[PDB]
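Chemist: Here you go, this is upload.cif (mmCIF, C-alpha atoms).
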data_query
loop_
_atom_site.label_atom_id
_atom_site.label_comp_id
_atom_site.auth_asym_id
_atom_site.auth_seq_id
_atom_site.Cartn_x
_atom_site.Cartn_y
_atom_site.Cartn_z
CA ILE A 1 4.66 -16.38 41.50
CA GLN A 2 4.48 -13.90 44.39
CA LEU A 3 5.91 -11.10 42.24
CA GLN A 4 3.45 -11.86 39.43
CA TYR A 5 0.55 -11.90 41.89
CA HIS A 6 1.65 -8.57 43.36
CA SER A 7 1.93 -7.04 39.88
CA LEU A 8 -1.54 -8.36 39.00
CA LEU A 9 -2.96 -6.92 42.22
CA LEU A 10 -1.39 -3.53 41.50
CA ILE A 11 -2.69 -3.58 37.91
CA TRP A 12 -6.20 -4.46 39.10
CA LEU A 13 -6.14 -1.78 41.81
CA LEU A 14 -5.03 0.88 39.34
CA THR A 15 -7.53 -0.37 36.73
CA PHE A 16 -10.47 -0.31 39.16
CA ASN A 17 -10.84 3.36 38.19
CA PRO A 18 -12.37 3.51 34.68
CA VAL A 19 -10.38 6.63 33.77
CA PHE A 20 -7.07 4.92 34.53
CA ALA A 21 -7.94 1.91 32.36
CA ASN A 22 -9.13 4.12 29.50
CA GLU A 23 -5.92 6.16 29.62
CA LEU A 24 -3.75 3.03 29.81
CA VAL A 25 -5.52 1.54 26.79
CA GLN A 26 -3.94 4.35 24.75
CA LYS A 27 -0.39 3.55 25.95
CA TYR A 28 -0.48 -0.11 27.07
CA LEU A 29 -3.08 -1.59 24.72
CA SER A 30 -0.88 -4.62 24.03
CA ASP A 31 -0.60 -5.10 27.79
CA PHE A 32 -4.37 -5.71 27.80
CA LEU A 33 -3.80 -9.03 26.01
CA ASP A 34 -0.40 -9.57 27.65
CA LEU A 35 -2.10 -9.81 31.05
CA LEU A 36 -4.61 -12.31 29.63
CA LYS A 37 -1.76 -14.41 28.21
CA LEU A 38 0.05 -14.29 31.55
CA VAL A 39 -3.11 -15.47 33.32
CA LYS A 40 -3.60 -18.25 30.76
CA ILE A 41 -0.04 -19.46 31.32
CA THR A 42 -0.26 -18.84 35.07
CA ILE A 43 -1.65 -21.85 36.92
CA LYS A 44 -2.20 -20.19 40.32
CA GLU A 45 -5.93 -19.84 40.94
CA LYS A 46 -5.66 -16.51 42.79
CA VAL A 47 -3.25 -15.00 40.24
CA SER A 48 -5.48 -16.07 37.35
CA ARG A 49 -8.52 -14.65 39.14
CA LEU A 50 -6.74 -11.33 39.67
CA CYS A 51 -5.62 -11.17 36.03
CA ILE A 52 -9.12 -11.96 34.74
CA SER A 53 -10.61 -9.36 37.09
CA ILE A 54 -8.15 -6.73 35.84
CA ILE A 55 -8.95 -7.63 32.22
CA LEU A 56 -12.69 -7.36 32.89
CA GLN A 57 -12.18 -4.02 34.65
CA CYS A 58 -10.35 -2.76 31.56
CA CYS A 59 -13.50 -3.72 29.63
CA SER A 60 -15.88 -2.43 32.33
CA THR A 61 -18.69 -0.24 31.04
CA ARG A 62 -17.41 2.60 33.23
CA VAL A 63 -14.14 2.70 31.27
CA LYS A 64 -14.48 5.29 28.52
CA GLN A 65 -14.91 3.73 25.07
CA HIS A 66 -15.54 0.34 26.67
CA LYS A 67 -17.22 -1.18 23.60
CA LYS A 68 -14.53 -0.18 21.10
CA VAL A 69 -11.73 -1.15 23.50
CA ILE A 70 -13.30 -4.57 24.10
CA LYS A 71 -13.77 -5.12 20.37
CA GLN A 72 -10.16 -4.18 19.64
CA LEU A 73 -8.89 -6.45 22.42
CA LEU A 74 -10.96 -9.38 21.16
CA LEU A 75 -9.86 -8.83 17.56
CA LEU A 76 -6.14 -8.36 18.24
CA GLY A 77 -5.18 -10.22 21.42
CA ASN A 78 -7.35 -13.27 20.70
CA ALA A 79 -9.14 -12.56 23.98
CA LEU A 80 -12.25 -14.25 22.56
CA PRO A 81 -10.55 -17.60 21.74
CA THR A 82 -8.72 -17.34 25.06
CA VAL A 83 -12.03 -16.84 26.87
CA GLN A 84 -13.50 -19.79 24.97
CA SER A 85 -10.58 -21.94 26.11
CA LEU A 86 -11.03 -20.71 29.69
CA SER A 87 -14.71 -21.68 29.52
CA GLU A 88 -13.63 -25.09 28.23
CA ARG A 89 -10.95 -25.23 30.92
CA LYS A 90 -11.87 -25.88 34.55
CA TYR A 91 -10.55 -24.42 37.80
CA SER A 92 -11.44 -24.68 41.48
CA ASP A 93 -11.39 -20.89 42.05
CA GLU A 94 -15.06 -19.88 42.09
CA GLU A 95 -14.16 -16.18 42.03
CA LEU A 96 -11.68 -16.82 39.22
CA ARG A 97 -14.32 -18.85 37.38
CA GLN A 98 -16.82 -16.00 37.63
CA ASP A 99 -14.22 -13.46 36.50
CA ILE A 100 -13.28 -15.64 33.52
CA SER A 101 -16.95 -16.06 32.59
CA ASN A 102 -17.48 -12.29 32.74
CA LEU A 103 -14.40 -11.79 30.56
CA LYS A 104 -15.77 -14.36 28.09
CA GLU A 105 -19.11 -12.53 27.94
CA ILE A 106 -17.27 -9.25 27.34
CA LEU A 107 -15.20 -10.88 24.58
CA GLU A 108 -18.30 -12.31 22.91
CA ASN A 109 -20.02 -8.92 23.00
CA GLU A 110 -16.89 -7.29 21.57
CA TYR A 111 -16.57 -9.86 18.77
CA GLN A 112 -20.27 -9.62 17.86
CA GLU A 113 -19.28 -6.36 16.11
CA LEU A 114 -15.64 -7.07 15.25
CA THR A 115 -13.74 -6.74 11.98
CA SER A 116 -10.16 -7.11 10.78
CA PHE A 117 -10.15 -3.37 9.99
CA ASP A 118 -9.53 -2.70 13.69
CA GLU A 119 -6.53 -5.04 13.60
CA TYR A 120 -5.27 -3.24 10.48
CA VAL A 121 -5.62 0.13 12.22
CA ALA A 122 -3.77 -1.16 15.28
CA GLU A 123 -0.97 -2.57 13.11
CA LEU A 124 -0.67 0.74 11.27
CA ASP A 125 -0.45 2.43 14.67
CA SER A 126 2.36 0.05 15.68
CA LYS A 127 4.43 0.17 12.47
CA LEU A 128 7.22 -1.85 14.13
CA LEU A 129 6.36 -5.41 13.06
CA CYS A 130 7.35 -7.81 10.29
CA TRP A 131 3.94 -9.02 9.07
CA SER A 132 0.36 -7.78 9.27
CA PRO A 133 -3.09 -9.43 9.27
CA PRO A 134 -3.90 -8.34 5.69
CA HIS A 135 -1.01 -10.46 4.37
CA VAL A 136 -2.92 -13.61 5.38
CA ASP A 137 -4.79 -13.86 2.07
CA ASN A 138 -6.33 -11.90 -0.79
CA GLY A 139 -9.79 -11.66 0.80
CA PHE A 140 -9.58 -8.76 3.24
CA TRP A 141 -6.93 -6.90 1.22
CA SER A 142 -9.42 -6.72 -1.65
CA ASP A 143 -11.15 -4.01 0.38
CA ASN A 144 -8.14 -2.99 2.50
CA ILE A 145 -6.40 -1.60 -0.60
CA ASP A 146 -9.00 1.19 -0.59
CA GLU A 147 -9.44 1.23 3.20
CA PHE A 148 -6.20 2.82 4.41
CA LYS A 149 -6.23 5.20 1.43
CA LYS A 150 -9.84 6.31 2.07
CA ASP A 151 -10.34 5.89 -1.71
CA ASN A 152 -7.97 8.86 -2.24
CA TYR A 153 -4.84 8.05 -0.17
CA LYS A 154 -5.93 10.82 2.22
CA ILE A 155 -6.45 8.48 5.19
CA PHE A 156 -3.25 6.65 4.18
CA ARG A 157 -1.05 9.68 4.93
CA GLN A 158 -0.89 8.24 8.44
CA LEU A 159 0.38 5.09 6.73
CA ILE A 160 2.90 7.34 4.97
CA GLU A 161 4.16 8.65 8.32
CA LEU A 162 4.28 5.10 9.68
CA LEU A 163 6.35 4.03 6.66
CA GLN A 164 8.66 7.02 7.14
CA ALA A 165 9.22 6.01 10.77
CA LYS A 166 9.80 2.41 9.70
CA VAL A 167 12.34 3.62 7.12
CA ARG A 168 14.10 5.73 9.75
CA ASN A 169 14.31 2.57 11.85
CA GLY A 170 15.24 0.57 8.74
CA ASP A 171 18.74 2.02 8.55
CA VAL A 172 19.45 0.12 11.78
CA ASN A 173 19.79 -3.67 12.08
CA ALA A 174 17.39 -4.15 15.00
CA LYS A 175 15.01 -7.08 14.62
CA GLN A 176 12.02 -4.76 14.96
CA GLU A 177 13.81 -2.36 12.60
CA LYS A 178 14.17 -4.97 9.86
CA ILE A 179 10.63 -6.24 10.47
CA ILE A 180 9.25 -2.72 10.04
CA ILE A 181 11.41 -2.09 6.97
CA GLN A 182 9.93 -5.20 5.36
CA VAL A 183 6.33 -4.66 6.51
CA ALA A 184 5.97 -1.00 5.53
CA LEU A 185 7.44 -1.64 2.08
CA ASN A 186 5.22 -4.69 1.57
CA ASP A 187 2.11 -2.72 2.54
CA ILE A 188 3.16 0.12 0.22
CA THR A 189 3.60 -2.34 -2.65
CA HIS A 190 0.22 -3.93 -1.93
CA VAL A 191 -1.52 -0.54 -1.87
CA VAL A 192 0.25 0.78 -4.98
CA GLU A 193 -0.66 -2.33 -6.98
CA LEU A 194 -4.24 -1.00 -7.19
CA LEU A 195 -5.35 2.52 -8.14
CA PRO A 196 -1.83 3.87 -8.83
CA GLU A 197 -2.99 7.50 -8.44
CA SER A 198 -2.05 7.56 -4.76
CA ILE A 199 1.37 6.21 -5.79
CA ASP A 200 2.13 9.72 -7.04
CA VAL A 201 1.48 11.04 -3.53
CA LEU A 202 3.87 8.35 -2.30
CA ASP A 203 6.28 9.14 -5.15
CA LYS A 204 6.23 12.86 -4.35
CA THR A 205 6.58 12.01 -0.64
CA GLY A 206 9.85 10.18 -1.33
CA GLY A 207 8.38 6.82 -2.34
CA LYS A 208 11.03 6.24 -4.99
CA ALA A 209 13.78 7.46 -2.66
CA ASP A 210 12.40 5.31 0.17
CA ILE A 211 12.34 2.24 -2.08
CA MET A 212 15.91 2.90 -3.21
CA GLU A 213 17.10 3.38 0.38
CA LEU A 214 15.37 0.19 1.55
CA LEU A 215 17.34 -1.79 -1.05
CA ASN A 216 20.41 0.48 -0.83
CA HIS A 217 22.57 -1.85 1.28
CA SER A 218 22.88 -3.52 4.68
CA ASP A 219 19.29 -4.76 4.47
CA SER A 220 17.63 -8.14 3.90
CA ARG A 221 13.88 -7.66 4.41
CA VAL A 222 14.02 -3.96 3.49
CA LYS A 223 15.31 -4.84 0.02
CA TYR A 224 13.07 -7.92 -0.04
CA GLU A 225 10.07 -5.55 0.07
CA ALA A 226 11.60 -2.73 -1.99
CA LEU A 227 11.79 -5.26 -4.82
CA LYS A 228 8.00 -5.65 -4.68
CA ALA A 229 7.56 -1.89 -4.31
CA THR A 230 9.62 -1.19 -7.44
CA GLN A 231 8.08 -4.11 -9.37
CA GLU B 1 -29.07 -26.30 -29.61
CA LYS B 2 -27.25 -22.99 -29.15
CA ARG B 3 -24.68 -23.48 -26.37
CA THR B 4 -23.39 -26.86 -25.25
CA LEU B 5 -19.65 -26.83 -24.50
CA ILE B 6 -18.02 -27.68 -21.18
CA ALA B 7 -14.93 -25.70 -20.17
CA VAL B 8 -12.43 -26.74 -17.50
CA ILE B 9 -9.74 -24.58 -15.86
CA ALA B 10 -7.97 -27.19 -13.76
CA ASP B 11 -4.63 -28.90 -13.26
CA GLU B 12 -3.69 -31.96 -15.30
CA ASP B 13 -5.21 -34.18 -12.61
CA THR B 14 -8.69 -32.92 -13.56
CA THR B 15 -8.83 -31.48 -17.09
CA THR B 16 -6.76 -34.31 -18.59
CA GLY B 17 -8.39 -37.13 -16.60
CA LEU B 18 -11.59 -37.69 -14.64
CA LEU B 19 -14.40 -35.95 -16.55
CA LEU B 20 -12.17 -35.81 -19.64
CA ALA B 21 -12.82 -39.54 -20.04
CA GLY B 22 -16.38 -38.69 -21.09
CA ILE B 23 -16.25 -34.94 -21.68
CA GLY B 24 -13.41 -34.67 -24.19
CA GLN B 25 -11.11 -31.69 -24.51
CA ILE B 26 -11.40 -30.34 -28.09
CA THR B 27 -13.95 -28.35 -30.10
CA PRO B 28 -15.38 -29.53 -33.44
CA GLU B 29 -13.40 -26.93 -35.43
CA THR B 30 -11.01 -25.29 -32.94
CA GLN B 31 -7.65 -26.04 -31.32
CA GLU B 32 -8.15 -23.95 -28.15
CA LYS B 33 -9.50 -27.03 -26.31
CA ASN B 34 -11.52 -24.81 -23.93
CA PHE B 35 -8.98 -25.56 -21.18
CA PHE B 36 -5.81 -24.22 -19.58
CA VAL B 37 -2.99 -26.34 -18.19
CA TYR B 38 -2.30 -23.85 -15.37
CA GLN B 39 1.19 -25.11 -14.57
CA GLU B 40 1.99 -24.60 -10.89
CA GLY B 41 4.01 -21.39 -10.78
CA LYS B 42 4.36 -21.24 -14.58
CA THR B 43 1.13 -19.88 -16.05
CA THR B 44 0.88 -16.15 -15.42
CA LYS B 45 -1.96 -14.76 -13.31
CA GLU B 46 -2.54 -12.18 -16.05
CA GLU B 47 -2.61 -15.05 -18.54
CA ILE B 48 -5.05 -16.88 -16.24
CA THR B 49 -7.40 -13.89 -16.33
CA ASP B 50 -6.92 -13.72 -20.10
CA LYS B 51 -7.96 -17.38 -20.41
CA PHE B 52 -10.96 -16.73 -18.16
CA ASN B 53 -12.03 -13.91 -20.49
CA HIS B 54 -11.33 -16.20 -23.46
CA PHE B 55 -13.64 -18.93 -22.20
CA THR B 56 -16.28 -16.62 -20.68
CA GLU B 57 -16.61 -13.71 -23.14
CA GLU B 58 -14.43 -14.16 -26.24
CA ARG B 59 -16.19 -17.31 -27.50
CA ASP B 60 -19.87 -18.13 -27.17
CA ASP B 61 -20.08 -21.93 -27.45
CA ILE B 62 -18.97 -22.48 -23.83
CA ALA B 63 -22.01 -23.40 -21.74
CA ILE B 64 -20.23 -23.86 -18.39
CA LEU B 65 -16.96 -22.84 -16.78
CA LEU B 66 -15.51 -25.38 -14.34
CA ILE B 67 -12.61 -23.65 -12.60
CA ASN B 68 -10.32 -24.86 -9.83
CA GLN B 69 -9.83 -22.88 -6.63
CA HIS B 70 -6.14 -22.33 -7.43
CA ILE B 71 -6.92 -19.90 -10.25
CA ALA B 72 -10.10 -18.61 -8.61
CA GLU B 73 -8.38 -17.26 -5.49
CA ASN B 74 -5.82 -15.36 -7.57
CA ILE B 75 -8.50 -14.48 -10.16
CA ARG B 76 -10.85 -13.42 -7.37
CA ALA B 77 -11.59 -9.92 -8.66
CA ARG B 78 -12.27 -11.02 -12.24
CA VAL B 79 -14.68 -13.85 -11.39
CA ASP B 80 -16.40 -11.75 -8.70
CA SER B 81 -16.89 -8.94 -11.24
CA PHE B 82 -18.50 -11.35 -13.74
CA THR B 83 -22.30 -11.26 -13.40
CA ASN B 84 -23.65 -12.89 -16.58
CA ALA B 85 -25.68 -16.08 -16.70
CA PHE B 86 -24.69 -18.23 -19.68
CA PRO B 87 -21.16 -19.40 -18.72
CA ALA B 88 -22.39 -20.46 -15.25
CA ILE B 89 -18.94 -20.33 -13.64
CA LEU B 90 -18.56 -23.20 -11.15
CA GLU B 91 -15.77 -23.37 -8.58
CA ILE B 92 -14.33 -26.77 -7.67
CA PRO B 93 -11.80 -28.00 -5.09
CA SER B 94 -8.46 -29.19 -6.44
CA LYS B 95 -5.59 -31.24 -5.03
CA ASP B 96 -5.77 -30.84 -1.23
CA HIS B 97 -7.70 -27.56 -1.11
CA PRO B 98 -11.34 -28.16 -0.09
CA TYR B 99 -14.48 -26.30 -1.13
CA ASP B 100 -14.12 -23.46 1.40
CA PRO B 101 -17.79 -22.37 1.18
CA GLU B 102 -16.91 -18.80 2.22
CA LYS B 103 -14.83 -17.83 -0.84
CA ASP B 104 -16.55 -18.51 -4.18
CA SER B 105 -18.61 -15.80 -5.87
CA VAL B 106 -22.00 -17.48 -6.33
CA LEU B 107 -22.30 -18.68 -2.74
CA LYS B 108 -21.08 -15.27 -1.55
CA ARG B 109 -23.98 -13.75 -3.48
CA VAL B 110 -26.40 -16.30 -2.03
CA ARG B 111 -25.39 -15.48 1.55
CA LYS B 112 -25.53 -11.78 0.71
CA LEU B 113 -29.26 -12.17 -0.02
CA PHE B 114 -31.26 -13.65 1.58
CA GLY B 115 -29.30 -16.36 3.40
#
Is it possible to give me this structure as structure tokens?

Modeler:
Amino acid sequence: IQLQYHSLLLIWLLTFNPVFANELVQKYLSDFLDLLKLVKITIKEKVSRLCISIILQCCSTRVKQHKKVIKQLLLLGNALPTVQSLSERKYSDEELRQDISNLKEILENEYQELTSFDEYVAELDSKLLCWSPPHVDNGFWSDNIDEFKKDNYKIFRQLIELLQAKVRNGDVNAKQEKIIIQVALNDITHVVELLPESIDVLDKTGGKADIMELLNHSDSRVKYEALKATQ
Amino acid sequence: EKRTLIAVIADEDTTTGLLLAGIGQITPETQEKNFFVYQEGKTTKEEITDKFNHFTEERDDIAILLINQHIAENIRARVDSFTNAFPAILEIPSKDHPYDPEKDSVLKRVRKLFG
């Protein structure tokens, strides 16, 4: 508990400067919700207050791109449902209560202009996971098929690089490696299923070779998604 | 009268029973029966869209479509792209799946304008 409180204090002190928080959002964006989760699990009043204060500082108006960062945090890390639970939950720490209320207001403001497209962009930036938000159902994907491609596959070239990195990791047996091998191939199959023109760009960029290598050997999810890609 | 038929795209629990007790299942001079069994995991999605076209555009006697959510979710693009008036496509819940008032085409249009 003492070590966690010290880490939270250090994170808050560093994050008091808006520039530091803005820079960290570009390298430790997942940590933004990780701190919130740690506070939610943490029962100590002071530690929770410090974590909520750090989270709010990350979303402080001074921090560059505060609105977009807050919206992304709410959409991805479930900071808005977490803030709703905190509002429902009760604690004796008045300072912690005020910090949690401020974080909840920030989350509500961020989610008032939120969309799953931000989560899709973040997932494409990660490219080291097994599943993605768009796999939930056929609703969002109906537009997402033409979202990453920018209607011409041009914007999807970043998705192409992400898939190339996931294929480079696919040759290894790491859990993240297999997850990425499956996820990139599944997204490629989903995108190719509609408007096959961009498939040529994927095909010229090694799409056929990538699909063959995913199902080459020593793979379970990689082949499991290469089957969809080649079907 | 010009257009009177009822058409049902639903599992056996609905097309065979329930309304079928008073609605019937066959046309006066056709064997198509204006219905599709839609076997779970057996009927093709492409075949489902083909049947939707069959009962919405290929034959004129059908006055209403009454389609279960199971086909509708997979047939989302086709039913959303259909904008005519006569077949009056109507989505229904089936088995355990409820209405889900944020999915079907007509209510989507209604919320789109004006509320």

Chemist: With the cut-off set at 9 Å and counting only C-alpha atoms, tabulate each residue of chain A with an atom at most that distance from an atom of chain B, showing the nearest atom pair and its distance in Å to one decimal, ordered by chain and increasing number, as a tab-separated table.

Modeler:
residue	atom	partner	partner_atom	distance
A:138	CA	B:73	CA	7.4
A:139	CA	B:103	CA	8.1
A:142	CA	B:77	CA	8.0

Chemist: Mind checking which residues fall within 9 Å of region 12-22 of chain B, counting all atoms listed in the file, ignoring those fewer than 5 positions away in the same chain, and posting them as number ranges by chain?

Modeler: B: 7, 35-39, 94-95

Chemist: Find the distance between CA of residue 180 (chain A) and CA of residue 131 (chain A) and write it in Å to one decimal.

Modeler: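 These atoms are spaced 8.3 Å apart.
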
Chemist: Counting all atoms listed in the file, which residue out of B:63, B:71, B:26, B:113 sits closest to residue 89 (chain B)?

Modeler: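 Closest candidate: B:63.
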
Chemist: Up to 10 Å from (2.2, -0.6, -1.2) in the file's coordinates: name the residues, counting all atoms listed in the file, as number ranges by chain.

Modeler: A: 145, 159, 183-194, 196, 198-199, 202, 207, 225-226, 228-230

Chemist: Written as a PyMOL selection string, what is the full residue list that the PyMOL selection byres ((chain A and resi 23) around 12) yields on the file shown?

Modeler: chain A and resi 14-15+17-22+24-29+58+63-66+69

Chemist: With C-alpha atoms retained, write the just-selected residues as an mmCIF file, keeping the file's coordinate frame.

Modeler:
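Output file again-v2.cif is given in full below:
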data_model
loop_
_atom_site.group_PDB
_atom_site.id
_atom_site.type_symbol
_atom_site.label_atom_id
_atom_site.label_comp_id
_atom_site.auth_asym_id
_atom_site.auth_seq_id
_atom_site.Cartn_x
_atom_site.Cartn_y
_atom_site.Cartn_z
ATOM 1 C CA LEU A 14 -5.030 0.880 39.340
ATOM 2 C CA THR A 15 -7.530 -0.370 36.730
ATOM 3 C CA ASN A 17 -10.840 3.360 38.190
ATOM 4 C CA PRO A 18 -12.370 3.510 34.680
ATOM 5 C CA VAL A 19 -10.380 6.630 33.770
ATOM 6 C CA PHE A 20 -7.070 4.920 34.530
ATOM 7 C CA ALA A 21 -7.940 1.910 32.360
ATOM 8 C CA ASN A 22 -9.130 4.120 29.500
ATOM 9 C CA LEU A 24 -3.750 3.030 29.810
ATOM 10 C CA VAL A 25 -5.520 1.540 26.790
ATOM 11 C CA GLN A 26 -3.940 4.350 24.750
ATOM 12 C CA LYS A 27 -0.390 3.550 25.950
ATOM 13 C CA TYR A 28 -0.480 -0.110 27.070
ATOM 14 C CA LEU A 29 -3.080 -1.590 24.720
ATOM 15 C CA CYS A 58 -10.350 -2.760 31.560
ATOM 16 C CA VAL A 63 -14.140 2.700 31.270
ATOM 17 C CA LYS A 64 -14.480 5.290 28.520
ATOM 18 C CA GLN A 65 -14.910 3.730 25.070
ATOM 19 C CA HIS A 66 -15.540 0.340 26.670
ATOM 20 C CA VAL A 69 -11.730 -1.150 23.500
#

Chemist: Using all atoms listed in the file - which residues lie no farther than 10 Å from the point (-5.6, 4.4, 7.2) in the file's frame? Write them as an NGL selection string.

Modeler: :A and (117 or 120-122 or 124-125 or 144-150 or 153-160)

Chemist: Report the distance between CA of residue 84 (chain A) and CA of residue 8 (chain A) in Å, rounded to one decimal place.

Modeler: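 If I compute the distance from CA of residue 84 (chain A) to CA of residue 8 (chain A), I get 21.7 Å.
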
Chemist: Let me make sure I understand: among B:49, B:40, B:34, B:59, which one has the smallest atom-to-atom distance to residue 82 (chain B) if we use only C-alpha atoms?

Modeler: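 The closest residue to residue 82 (chain B) is B:49.
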
Chemist: Using the chain letters and residue numbers of this document, give as a ChimeraX atom specification the residues selected by the PyMOL selection byres ((chain B and resi 85) around 12).

Modeler: /B:56-57,62-65,82-84,86-90,106

Chemist: Go ahead and compute the interatomic distance for CA of residue 54 (chain A) and CA of residue 11 (chain A), in Å to one decimal.

Modeler: 6.6 Å

Chemist: Which residues are close to residue 92 (chain A), i.e. within 12 Å by only C-alpha atoms, leaving aside same-chain residues fewer than 5 positions away? Reply as an MDAnalysis selection string.

Modeler: chainID A and resid 43:46 48:49 97:98

Chemist: Selection in question (the file shown): the PyMOL selection byres ((chain A and resi 76) around 12). Which residues does it include, as a CSV table (one decimal) with C-alpha atoms, in the frame of the given file?

Modeler:
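File produced: out_0.csv:
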chain,number,residue,atom,x,y,z
A,29,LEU,CA,-3.1,-1.6,24.7
A,30,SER,CA,-0.9,-4.6,24.0
A,31,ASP,CA,-0.6,-5.1,27.8
A,32,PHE,CA,-4.4,-5.7,27.8
A,33,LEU,CA,-3.8,-9.0,26.0
A,34,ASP,CA,-0.4,-9.6,27.6
A,69,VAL,CA,-11.7,-1.2,23.5
A,70,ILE,CA,-13.3,-4.6,24.1
A,71,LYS,CA,-13.8,-5.1,20.4
A,72,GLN,CA,-10.2,-4.2,19.6
A,73,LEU,CA,-8.9,-6.4,22.4
A,74,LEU,CA,-11.0,-9.4,21.2
A,75,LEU,CA,-9.9,-8.8,17.6
A,77,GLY,CA,-5.2,-10.2,21.4
A,78,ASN,CA,-7.4,-13.3,20.7
A,79,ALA,CA,-9.1,-12.6,24.0
A,80,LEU,CA,-12.2,-14.2,22.6
A,81,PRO,CA,-10.6,-17.6,21.7
A,82,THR,CA,-8.7,-17.3,25.1
A,107,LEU,CA,-15.2,-10.9,24.6
A,110,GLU,CA,-16.9,-7.3,21.6
A,111,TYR,CA,-16.6,-9.9,18.8
A,114,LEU,CA,-15.6,-7.1,15.2
A,115,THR,CA,-13.7,-6.7,12.0
A,116,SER,CA,-10.2,-7.1,10.8
A,117,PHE,CA,-10.2,-3.4,10.0
A,118,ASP,CA,-9.5,-2.7,13.7
A,119,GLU,CA,-6.5,-5.0,13.6
A,120,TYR,CA,-5.3,-3.2,10.5
A,121,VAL,CA,-5.6,0.1,12.2
A,122,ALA,CA,-3.8,-1.2,15.3
A,123,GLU,CA,-1.0,-2.6,13.1
A,132,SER,CA,0.4,-7.8,9.3
A,133,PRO,CA,-3.1,-9.4,9.3

Chemist: Complete region 40-53 of chain B with N, CA and C atoms (output as a compact mmCIF listing (two decimals), in the frame of the given file).

Modeler:
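After the write, result18.txt holds the following:
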# COMPACT_ATOMS: atom_id res chain seq x y z
N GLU B 40 1.75 -25.17 -12.21
CA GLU B 40 1.99 -24.60 -10.89
C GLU B 40 3.19 -23.67 -10.91
N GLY B 41 2.94 -22.37 -10.77
CA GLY B 41 4.01 -21.39 -10.78
C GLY B 41 4.54 -21.02 -12.14
N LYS B 42 3.93 -21.52 -13.22
CA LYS B 42 4.36 -21.24 -14.58
C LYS B 42 3.39 -20.35 -15.33
N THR B 43 2.12 -20.73 -15.40
CA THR B 43 1.13 -19.88 -16.05
C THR B 43 0.99 -18.57 -15.29
N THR B 44 0.98 -17.46 -16.03
CA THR B 44 0.88 -16.15 -15.42
C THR B 44 -0.54 -15.90 -14.91
N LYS B 45 -0.65 -15.16 -13.81
CA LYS B 45 -1.96 -14.76 -13.31
C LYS B 45 -2.68 -13.88 -14.33
N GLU B 46 -1.95 -12.97 -14.97
CA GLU B 46 -2.54 -12.18 -16.05
C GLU B 46 -3.00 -13.08 -17.18
N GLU B 47 -2.19 -14.08 -17.53
CA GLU B 47 -2.61 -15.05 -18.54
C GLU B 47 -3.81 -15.87 -18.07
N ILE B 48 -3.89 -16.15 -16.77
CA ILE B 48 -5.05 -16.88 -16.24
C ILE B 48 -6.32 -16.05 -16.42
N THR B 49 -6.25 -14.76 -16.10
CA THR B 49 -7.40 -13.89 -16.33
C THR B 49 -7.72 -13.79 -17.81
N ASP B 50 -6.69 -13.75 -18.66
CA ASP B 50 -6.92 -13.72 -20.10
C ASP B 50 -7.66 -14.97 -20.56
N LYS B 51 -7.27 -16.14 -20.05
CA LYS B 51 -7.96 -17.38 -20.41
C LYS B 51 -9.39 -17.39 -19.88
N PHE B 52 -9.60 -16.83 -18.69
CA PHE B 52 -10.96 -16.73 -18.16
C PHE B 52 -11.83 -15.88 -19.08
N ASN B 53 -11.31 -14.74 -19.53
CA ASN B 53 -12.03 -13.91 -20.49
C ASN B 53 -12.25 -14.67 -21.80
